> 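Take a look at the following structure, please.
Labels below follow one simple rule: chain letters A, B, ... track the order of the sequence lines, proteins then strands, and each chain is numbered from 1. Values below: all heavy atoms of this structure, side chains included; hydrogens, waters and symmetry mates excluded.
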Amino acid sequence: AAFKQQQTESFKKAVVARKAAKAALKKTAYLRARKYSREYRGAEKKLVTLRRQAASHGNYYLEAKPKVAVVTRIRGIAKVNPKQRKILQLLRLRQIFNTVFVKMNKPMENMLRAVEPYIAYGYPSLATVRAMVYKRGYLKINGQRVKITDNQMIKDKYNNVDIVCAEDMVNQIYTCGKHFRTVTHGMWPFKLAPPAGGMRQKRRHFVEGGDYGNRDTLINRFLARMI
Amino acid sequence: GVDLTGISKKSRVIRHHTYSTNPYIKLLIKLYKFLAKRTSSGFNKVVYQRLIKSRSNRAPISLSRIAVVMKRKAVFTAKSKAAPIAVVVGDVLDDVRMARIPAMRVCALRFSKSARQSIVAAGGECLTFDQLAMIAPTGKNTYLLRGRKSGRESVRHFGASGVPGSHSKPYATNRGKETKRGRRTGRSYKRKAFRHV
Amino acid sequence: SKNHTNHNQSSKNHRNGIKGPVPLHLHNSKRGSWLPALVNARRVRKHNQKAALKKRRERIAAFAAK
Amino acid sequence: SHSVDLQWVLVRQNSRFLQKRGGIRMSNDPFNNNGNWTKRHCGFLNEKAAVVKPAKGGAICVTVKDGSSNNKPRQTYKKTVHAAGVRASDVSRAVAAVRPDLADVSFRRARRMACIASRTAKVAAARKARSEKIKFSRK
Amino acid sequence: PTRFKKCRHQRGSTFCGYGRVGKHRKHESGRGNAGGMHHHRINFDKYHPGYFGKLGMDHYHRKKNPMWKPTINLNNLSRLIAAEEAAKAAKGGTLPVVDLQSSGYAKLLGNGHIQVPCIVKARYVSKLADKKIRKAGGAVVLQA
Amino acid sequence: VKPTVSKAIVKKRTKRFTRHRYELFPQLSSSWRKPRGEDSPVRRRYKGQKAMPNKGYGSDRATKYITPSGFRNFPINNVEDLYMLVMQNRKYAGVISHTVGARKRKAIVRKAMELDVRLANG
Amino acid sequence: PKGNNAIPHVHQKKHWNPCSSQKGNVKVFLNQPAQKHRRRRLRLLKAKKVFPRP
RNA sequence: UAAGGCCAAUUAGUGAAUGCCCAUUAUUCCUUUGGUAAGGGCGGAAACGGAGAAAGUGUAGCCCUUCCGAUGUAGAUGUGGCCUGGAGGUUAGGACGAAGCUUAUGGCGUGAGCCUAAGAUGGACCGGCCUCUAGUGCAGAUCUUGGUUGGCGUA
RNA sequence: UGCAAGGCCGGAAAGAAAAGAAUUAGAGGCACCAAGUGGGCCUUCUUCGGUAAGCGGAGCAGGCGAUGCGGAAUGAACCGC
RNA sequence: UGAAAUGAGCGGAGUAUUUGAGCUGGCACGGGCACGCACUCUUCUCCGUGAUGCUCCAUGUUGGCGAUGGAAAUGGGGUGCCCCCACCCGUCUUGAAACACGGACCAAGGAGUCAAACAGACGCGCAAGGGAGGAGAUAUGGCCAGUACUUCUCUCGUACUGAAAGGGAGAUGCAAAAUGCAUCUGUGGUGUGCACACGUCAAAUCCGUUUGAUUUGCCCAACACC
Ligand SMILES: [K+]
Ligand SMILES: [Mg+2]
Ligand SMILES: [Mg+2]
Ligand SMILES: [Mg+2]
Ligand SMILES: [Mg+2]
Ligand SMILES: [Mg+2]
Ligand SMILES: [Mg+2]
Ligand SMILES: [Mg+2]
Ligand SMILES: [Mg+2]
Ligand SMILES: [Mg+2]
Ligand SMILES: [Mg+2]
Ligand SMILES: [Mg+2]
Ligand SMILES: [Mg+2]
Ligand SMILES: [Mg+2]
Ligand SMILES: [Mg+2]
Ligand SMILES: [Mg+2]
Ligand SMILES: [Mg+2]
Ligand code: NA
Ligand code: NA
């Protein structure tokens with residue numbers, strides 16, 4: 001009976017340790033969320049003031065070029081050339097209405113230009129990033145696709161003091177921080193539903209009244225109907 | 001659908017269970033599956049993996065080879081430690097080319113009668129895996145060994161003997177028959193003995 | 001009756017992929033090289049093997065001492 | 001020398017006690033409390049074993065093999081004949097004195113035997129009541 | 001046993017694994033080793049080099065008994081000495097005597113390191129074997 | 001005796017899979033055969049043809065082999081077999097073999113009534 | 001297709017198999033135990049006949 | 001005063017992202033099956049709602065939880081996958097009715113098939129399980145042999 | 001005491017910064033045994049012969065053959081899947 | 001339908017906490033600050049139930065029908081009908097519903113077999129050795145054409161190479177002999193390389209240990225160069 005007694009004794013301490021760890025993680029997540037919200041608001045206000053100062057003297061303010069793009073696949077798997085097939089596989093878009101986040105730098109842009117008839121992409125907003133993470137976000141755990149349900153599994157997956165909560169993931173993705181690749185590589189590709197209300201024309205570019213190609217900031221209205 | 005072109009080419013062919021009909025082999029597999037699952041040692045995992053292989057993939061070892069490798073390990077040992085236990089998942093055979101050996105402890109699946117006699121007469125000890133699991137349940141202070149596979153006639157026959165650079169033996173029952181055109185310069189041509197890469 | 005085409009051949013060749021070349025450091029035989037340099041290198045290698053044997057004996061003796 | 005593990009490996013797939021009918025595997029073994037064909041419940045080949053049986057007049061018997069006469073078939077099994085008024089907890093205690101891993105099934109079996117004895121009494125009364133009819137042959 | 005063959009698995013498959021287009025016909029390549037120089041040339045040359053041609057002198061009435069000549073090496077001599085004499089053997093003393101032609105050997109070859117010194121009686125011996133055994137402390141005696 | 005209750009039985013399909021075109025030739029049995037003809041519309045899966053069996057029609061494992069009364073059938077041939085079911089009598093019901101005669105059926109029925117073992121055809 | 005096999009020489013090109021048109025040329029040993037028994041029986045009888053000569 | 005041809009909308013200069021309909025596609029839920037699958041439990045806690053609890057390739061899967069794939073001619077392979085005649089073992093049945101035969105006789109199984117019921121059928125043999133063995137599974141070959149049949153009460 | 005080659009003893013190592021400064025449903029290599037196939041055809045963009053052809057011959061890719069399902073009233077190969 | 005309800009939602013405790021908006025006191029931003037970086041209105045806050053439960057199944061409210069019958073109900077089976085869907089099977093062929101061949105119905109029969117040589121994969125015995133065959137001997141004189149026993153031979157292998165006469169394979173040290181000499185507990189060397197041993201690093205942990213990475217030693221199997 002001593003084996004049973006010792007096992008029970010250790011189980012009690014394990015329970016109390018789990019509760020204490022949960023309580024600590026909650027406070028850390030709270031503080032980080034507050035910090036990020038204040039940072040975003042301050043950034044927007046500073047940009048507004050810079051634009052006003054330029055306009056008052058009649059100059060112009062150049063916006064920073066976008067750093068993040070959101071890309072979704074809009075065609076099925078049929079009659080695809082080997083080069084396009086390879087690029088779509090490397091972007092992890094193997095099924096219609098799969099979506100990912102990528103860095104918007106020179107190698108990525110030249111890869112994206114080669115598969116334009118197959119994709120729709122643009123520049124996401126903070127609300128879009130939050131919605132995708134909170135509602136459609138899954139992690140690669142042990143090889144499996146596991147839905148996000150608490151901050152503890154995020155912390156266990158990433159094992160990094162800079163990624164412990166969903167708001168940390170959101171911040172890294174949205175601002176293209178130092179751990180952009182770590183966070184995005186750690187997730188399963190997003191699997192979305194068809195856009196409610198329909199599309200316009202799969203076979204034409206967005207500029208010609210169709211759907212494929214770069215539609216800039218207007219990708220957010222598109223994705224709000226798919227998430 | 002999902003584009004998964006050629007994903008079946010990543011699957012690997014591995015053995016999960018034994019084809020053997022030996023009940024004692026089954027008992028050993030049961031014990032070492034338990035140990036490999038419930039212990040952290042790498043020794044138990046390797047031993048469990050080797051117990052499931054086929055007969056041809058568990059080649060027998062020689063007593064003289066065991067002695068040589070044990071000596072090479074021993075010359076750099078602090079002389080205050082005991083020598084490791086030699087462990088072979090397979091058969092141990094005797095060697096008439098080596099008369100004098102030291103005293104060793106050897107664990108194996110099967111011993112030759114002459115090999116058992118030699119080990120005991122040198123002052124050593126023969127062991128079964130069921131005693132080894134009691135003595136060293138994690139595999140501490142062991143020397144895991146394998147027998148030799150190259151040197152088999154079947155391996156020496158593999159491949160075409162008529163292409164340049166090859167030295168495989170042909171399948172032929174009459175040794176004097178295939179010794180002519182294709183093997184001598186004075187005949188039409190001779191298969192080249194060497195080829196780069 | 002005598003047809004020729006290359007239509008499906010690249011597709012066949014890419015199923016098990018085009019394998020990359022063997023690395024430079026493997027299968028690096030010298031047979032067929034310029035003879036005098038080869039003959040000198042052989043003598044150097046023989047001396048090196050003798051030195052390796054002596055070094056092992058010295059290490060064994062040192063360990064036995066301490 | 002020859003252990004229970006080896007014997008189970010030898011007999012698992014083919015035995016006179018294994019009844020495999022219509023896809024289902026049961027056991028004929030008279031030293032089996034469950035009727036399941038598993039190693040734990042095979043009383044004929046375990047070194048120690050115990051089984052719960054009925055007796056005449058609503059009594060419960062426990063038969064025990066204790067592991068000292070396993071080479072003598074006529075002394076292997078001994079009895080613990082007990083009166084009708086025997087608690088199921090007592091039968092379970094007696095069985096667990098030999099094998100701790102059979103206590104629960106022995107408890108349930110003792111209770112089931114008691115219920116069977118009651119039911120047999122009732123149905124026998126009903127049948128002997130109904131039999132008030134003329135018959136043409138006896139014995 | 002017939003119940004393990006592939007025909008049992010093929011009952012119901014009309015073609016039995018030989019195809020619809022090219023069928024299972026009688027002898028589509030010729031019989032036996034036909035065509036070894038014409039339409040099976042590649043197989044013959046790639047897997048059996050040397051098959052066609054002539055080589056060497058003839059020898060009309062070969063008898064193998066006068067050519068009988070088995071060999072045994074120096075490092076295998078302990079196969080012929082019983083275990084009681086082998087341990088007693090020592091250089092400079094009394095040595096076991098091995099008769100090769102009674103154990104089925106004619107020549108003694110000199111491969112390896114001898115383990116138990118002895119006196120060997122043989123019909124033939126190689127020069128290195130003779131030198132090695134003399135250095136180890138035995139001897140060779142010629143016999144017939 | 002009452003059987004132990006389970007989830008509700010579903011039965012993905014209730015029709016049988018019958019051989020193609022067996023209704024037109026009296027010598028063809030209805031038992032299923034796989035069509036292997038090159039132009040067969042059943043094999044090619046046209047919209048209005050008969051279906052073929054496959055792994056997707058399989059039954060729920062928690063309710064496989066359970067009869068409408070809630071028991072699983074076990075075949076029995078004599079009185080002594082009834083003792084195998086006395087402990088698991090909420091799970092299995094006995095089915096008396098067809099060739100058992102009336103003389104022995106009487107004894108089997110009497111004993112099963114005494115022991116409270118359900119008989120499917122008693 | 002032939003692969004890498006030994007070149008066969010099985011020598012079975014005469015009418016050795018008995019069938020509807022050929023008598024065949026075959027020898028089986030199905031009487032071997034009976035002939036063994038018969039030889040031993042004859043030896044014992046002969047010994048009894050020539051007793052006591054060896 | 002299009003139900004035509006070019007252009008443009010979404011309930012209309014009111015004041016704010018999607019008029020409507022239809023897939024073996026997408027998202028999601030339930031069940032099956034297979035994995036290069038991923039975790040956990042299996043010294044009967046004690047007492048006395050119910051039962052069970054096997055160290056395990058494969059089953060009526062040892063038991064739970066989780067994730068991903070599933071079409072296919074020629075062709076390969078697997079299957080405690082199905083069926084037929086005979087042999088070695090083991091366990092049963094039968095004149096209170098064996099084999100064979102009949103069916104708006106249901107039940108079980110994805111299926112090959114298995115089992116029960118009734119015969120107002122029959123009259124003497126035969127079922128399950130583990131091994132062994134083969135002259136071992138039919139819709140078609142201008143297939144073989146026997147028997148029927150529309151044309152026809154016609155020419 | 002230079003050069004060539006093979007080794008031994010030491011050092012350094014943003015393990016590859018910043019400048020748009022990669023990505024991966026990214027485990028590398030090595031064998032053995034064996035089947036079917038060796039009549040193709042259609043389309044996109046290049047084209048050679050031919051007055052032209054639902055004609056003959058080629059290059060690159062995708063298809064049908066081996067495949068249904070949802071559309072173009074109907075159609076092996078078009079559109080979607 | 002509460003047989004472990006984890007809840008901002010079920011419970012206990014108080015009335016405050018801290019989110020924004022207005023308005024407040026070094027550096028940044030522009031040629032003053034629209035209010036970036038650091039130190040009055042507006043909302044509810046803190047605390048709690050481990051599994052001595054490994055698995056499965058058993059728990060509300062109100063009516064209708066069913067009180068032992070030629071009952072009620074659910075499922076299965078049969079036949080007709082309605083709306084929708086739907087080209088004739090096997091075969092050769094790039095292409096068959098084809099104006100391409102075979103096709104009246106039923107029963108029973110009907111097609112990868114046996115032998116011999118070689119090879120690979122898998123099971124079993126023994127191992128530098130393995131194994132006969134033919135035959136004999138005695139239990140043995142329907143059982144008994146089986147089973148039990150056997151020498152000394154034969155065969156495959158432990159050694160290859162040359163057309164042939166023929167010849168015939170260890171290591172280290174000294175040394176240079178066209179048969180040198182001495183020792184014999186031993187990988188011929190180098191690179192890559194399981195497990196084990198010796199230390200280090202990172203992550204988690206009633207927190208004593210795991211899960212990975214890595215230095216050094218010896219490196220088994222194996223591959224590459226000598
Ligand atoms: K069914
Ligand atoms: Mg549209
Ligand atoms: Mg297009
Ligand atoms: Mg097929
Ligand atoms: Mg062919
Ligand atoms: Mg052809
Ligand atoms: Mg000549
Ligand atoms: Mg080939
Ligand atoms: Mg004739
Ligand atoms: Mg599964
Ligand atoms: Mg399939
Ligand atoms: Mg037949
Ligand atoms: Mg028929
Ligand atoms: Mg074809
Ligand atoms: Mg298609
Ligand atoms: Mg057709
Ligand atoms: Mg050889
Ligand atoms: Na060798
Ligand atoms: Na037969």
Side-chain angles (χ1 to χ4, degrees), chain A residues 10 15 42 45-46 49 52 57 76 78-79 81 90 92 94 96-97 105-107 142-145 159 193-194 196-197 221 225, chain B residues 11-12 16-17 19 21 30 34 40 42-43 46 54 68-69 71-73 76 84 93 96 100 102 112 141-146 171, chain C residues 26-28 41 44-45 48-49 52, chain D residues 14 16 20-21 23-24 38-39 89 100-101 103-104, chain E residues 1-2 7 11 16-17 19-20 55-57 109 111-113 126-127 131, chain F residues 4-5 27 32 37 39 44-45 47-48 53-58 60 65 67 77 95 98-103 121, chain G residues 5-6 8 10 33-34:
Chain A
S10 69
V15 167
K45 274 142 163 283
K46 168 206 222 293
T49 302
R52 262 150 195 188
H57 311 302
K79 313 186 157 182
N81 291 359
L90 281 175
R92 305 204 284 158
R94 298 189 172 245
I96 181 155
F97 304 127
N105 53 23
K106 200 165 194 325
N142 263 87
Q144 314 194 319
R145 177 174 131 104
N159 282 143
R221 267 188 247 168
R225 312 191 271 123
Chain B
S11 63
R12 298 229 184 181
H16 258 66
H17 69 287
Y19 290 126
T21 57
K30 156 197 185 87
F34 176 85
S40 43
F43 175 87
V46 172
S54 74
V68 173
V69 292
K71 187 69 192 277
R72 286 197 75 95
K73 174 149 287 199
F76 284 104
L93 309 171
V96 304
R100 311 172 274 286
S112 212
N141 215 20
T142 38
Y143 198 165
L144 195 61
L145 296 170
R146 280 185 272 203
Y171 299 114
Chain C
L26 291 165
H27 290 272
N28 194 208
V44 176
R45 281 198 305 279
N48 281 349
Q49 158 154 1
Chain D
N14 169 46
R16 73 131 302 179
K20 186 197 313 172
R21 317 181 184 178
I24 299 138
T38 68
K39 176 150 127 293
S89 183
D101 41 16
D104 293 351
Chain E
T2 53
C7 161
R11 281 284 192 257
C16 305
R20 303 184 172 243
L55 176 71
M57 309 195 274
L109 302 180
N111 167 236
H113 180 28
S126 66
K127 54 171 142 313
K131 196 188 261 314
Chain F
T4 165
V5 75
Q27 70 168 332
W32 171 251
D39 283 328
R44 283 154 94 185
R45 312 180 311 269
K47 198 215 299 210
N54 61 68
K55 76 242 178 200
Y57 293 97
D60 192 326
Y65 305 119
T67 63
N77 291 74
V95 194
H98 162 71
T99 48
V100 170
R103 203 187 58 242
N121 62 344
Chain G
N5 295 292
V10 291

> Sugar of J:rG70: specify north or south by the sign of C1'-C2'-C3'-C4'.
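The J:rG70 sugar sits on the south side, the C2'-endo region.
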> Please work out if D:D104 contacts a base, only the sugar-phosphate, or nothing of the nucleic acid, heavy-atom cut-off 4.0 Å.
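Contact class for D:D104: base.
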> Return the stacking result for H:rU57 and B:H17: yes when the ring centres lie under 5.5 Å apart and the planes under 30°, no otherwise.
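Here the ring of B:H17 and the base of H:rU57 are stacked, with centres under 5.5 Å and planes under 30°.
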> If I take atom CZ in residue A:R52 and atom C1' in nucleotide J:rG30, what distance separates them, rounded to the nearest angstrom?
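These atoms are roughly 14 Å apart.
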> Quick one: F:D39 CG to J:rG103 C1', roughly how many Å, whole number?
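Computing the F:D39:CG to J:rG103:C1' distance gives 16 Å.
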> For J:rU40 versus J:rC23, give the span between their P atoms, rounded off to a whole number of Å.
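It comes out at 15 Å once rounded to the nearest Å.
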> Whole angstroms only, please: what is the NE2-P distance between E:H113 and J:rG188?
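Those two atoms, NE2 and P, are 14 Å apart.
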> Using atom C1' of each nucleotide, how far apart are J:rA58 and H:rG52 to the nearest Å?
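Going atom to atom, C1' in each nucleotide, I get 15 Å.
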> With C1'-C2'-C3'-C4' as the criterion (positive north, negative south), name the sugar pucker of H:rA53.
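With a positive torsion about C1'-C2'-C3'-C4', the sugar belongs to the north class.
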> What integer number of Å spans the P atoms of H:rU28 and J:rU215?
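Going atom to atom, P in each nucleotide, I get 45 Å.
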> Evaluate J:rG131 against J:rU215 for Watson-Crick or G-U wobble pairing; both distances have to be shorter than 3.5 Å.
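Check failed, no canonical or wobble pair found.
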> Rounding to a whole Å, what distance do you find between A:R94:CZ and I:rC81:P?
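Computing the A:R94:CZ to I:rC81:P distance gives 18 Å.
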> Got a donor-acceptor pair under 3.5 Å from the side chain of E:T2 to the base of J:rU113?
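Flag unset: no donor-acceptor pair detected.
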> Taking atom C1' in both H:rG127 and H:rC115, compute the distance separating them and give it to the nearest angstrom.
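Their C1' atoms lie roughly 13 Å apart.
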> Measuring only the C1' atom in each nucleotide, how far is H:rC22 from I:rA72? A whole number of Å is fine.
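Result for the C1' pair: 15 Å, nearest Å.
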> Under 4.0 angstrom, heavy atoms only, what part of the nucleic acid is B:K71 near: base, sugar-phosphate, or nothing?
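Since a base atom lies under 4.0 Å of B:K71, the category is base.
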> Tell me yes or no: do the six-membered rings of J:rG191 and its strand neighbour J:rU192 sit under 5.5 Å apart at centre, with planes under 30°?
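Judged on centre distance and plane angle, the pair counts as stacked.
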> Between C:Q49 and J:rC226, is there a side-chain N or O to OP1/OP2 distance below 4.0 Å?
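No, because none of the side-chain N or O atoms of C:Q49 sits under 4.0 Å from OP1 or OP2 of J:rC226.
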> Base, sugar-phosphate, or nothing: which does A:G197 touch, judged by heavy atoms less than 4.0 Å apart?
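The residue A:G197 makes base contact.
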> What nucleic acid atoms does B:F43 come within less than 4.0 Å of, heavy atoms only: base, sugar-phosphate, or nothing?
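Counting heavy atoms under 4.0 Å across all strands, the contact made by B:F43 is with sugar-phosphate only.
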> Which base sits across from H:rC132 as a Watson-Crick or G-U pair, both distances under 3.5 Å?
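Pairing partner: H:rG86.
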> Going by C1'-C2'-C3'-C4', which side is J:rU214 on: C3'-endo/north or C2'-endo/south?
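It's north.
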> Would you say F:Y65 stacks on H:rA60, if stacking means ring centres under 5.5 Å apart and planes within less than 30 degrees?
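It does: the ring sits over the base of H:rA60.
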> May I have the distance from B:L145 (atom CG) to J:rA222 (atom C1'), rounded to whole angstrom?
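Between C1' of J:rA222 and CG of B:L145: 15 Å.
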> Is a donor-acceptor contact shorter than 3.5 angstrom present between the side chain of B:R146 and the base of J:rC220?
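Side chain to base: pair present.
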> Which one is paired to J:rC10, where only Watson-Crick or G-U wobble pairs with both distances under 3.5 angstrom count?
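By the stated definition (distances under 3.5 Å), J:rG48 pairs with J:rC10.
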> Looking only at N and O atoms, is any donor in the side chain of C:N48 or the base of I:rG6 less than 3.5 Å from an acceptor on the other one?
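Result: at least one qualifying N/O pair found.
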> Return the nucleotide paired to H:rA139: Watson-Crick means purine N1 to pyrimidine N3 with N6-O4 or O6-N4, wobble means G-U with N1-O2 and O6-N3, both under 3.5 Å.
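H:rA139 is paired with nothing.
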> If you assign F:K47 and A:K79 each to the RNA chain I nucleotide with the nearest heavy atom, which residue ends up on the more 5' nucleotide?
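Upstream on the strand: F:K47.
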> Over all strands shown, is B:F34 touching base, sugar-phosphate only, or nothing at heavy-atom distances under 4.0 angstrom?
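Here B:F34 touches the bases of the nucleic acid.
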> Between the base of H:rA53 and the side chain of D:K39, is there a donor and acceptor pair under 3.5 angstrom?
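Checked by distance alone, the answer is no.
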> In this structure, how many angstroms lie between the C1' atom of I:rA66 and the CZ atom of E:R20, rounded?
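Going from CZ in E:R20 over to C1' in I:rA66 covers 11 Å.
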> Separation of F:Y57 atom OH from H:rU71 atom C1', in whole Å?
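Atom-to-atom, F:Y57 to H:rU71, this comes out as 13 Å.
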> Base, sugar-phosphate alone, or nothing: which one does A:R225 contact when heavy atoms must sit under 4.0 Å apart?
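The answer is base, as A:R225 lies within the cut-off (heavy atoms under 4.0 Å) of a base atom.
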> Provide the distance between the two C1' atoms, one in H:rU110 and one in H:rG81, to the nearest whole Å.
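Comparing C1' positions in H:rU110 and H:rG81 gives a spacing of 13 Å.
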> For F:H98 and H:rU116, is the gap between ring centres under 5.5 Å while the planes differ by less than 30°?
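Taking the rule of under 5.5 Å and under 30°, the ring of F:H98 does not stack on H:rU116.
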> Which one is paired to J:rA202, where only Watson-Crick or G-U wobble pairs with both distances under 3.5 angstrom count?
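Check on J:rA202: paired to J:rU211, both distances under 3.5 Å.
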> Which whole-number value in Å describes the distance from A:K45 NZ to J:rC35 P?
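After rounding, the reported distance stands at 6 Å.
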> Sticking with atom P, work out how far J:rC99 lies from H:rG151, rounded to a whole angstrom.
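The same atom, P, in both gives a distance of 27 Å.
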> If you measure from the P atom in I:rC81 to the same atom in J:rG77, how many Å do you get, rounded?
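One P to the other, the span is 42 Å.
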